[PDB]
Ligand code: BEF
Ligand SMILES: [Mg+2]
């Protein structure tokens, strides 16, 4: 069994999301602030990361998050500009996928981050 962590302030988006991954045979964590990622970063084998929480930007903490544990990070945010893409990808994100998004593709990019 594999463990992912969902960092998302959008509840209802996280609502229908946290069920498909469970149907994919996972155990997940949900987080809606930046004051809740550090307690759970050491727990998941992959982080699905939303940028603008009510705390601020989550990419600013991403490097200091990444060196606690080299965890694959997938940035799922409504920041679609290429300037935002190069920001997260270089900050330590193994992938970057914008909103709106495909569940079958997000799962494929998760199935691609966990084969090593
Ligand atoms: F509000 Be998130 F970054 F999509
Ligand atoms: Mg958000």
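In the numbering used here, the protein residues as written are 72 to 187. Each residue gets a CB set at the ideal place from its N, CA and C atoms; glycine is no exception.
Environment of residue 173 [buried if 16+ CB atoms lie within 10 Å]: The C-beta of residue 173 has fewer than 16 other C-beta atoms within 10 Å across all chains shown, which makes the residue exposed.
Pocket of ligand 2 (residues with CB nearer than 5 Å to any heavy atom), chain order: Taken from the N-terminal end onward, the list reads 80, 121, 123.
CB of residue 102 within 8 Å of CB of residue 136, strictly: Annotated as distal: residue 102 and residue 136, with beta-carbon spacing of 8 Å or more.
Closest residue to residue 99 among 105, 106, 114 (Cα-Cα distance): Nearest C-alpha to residue 99: 114.
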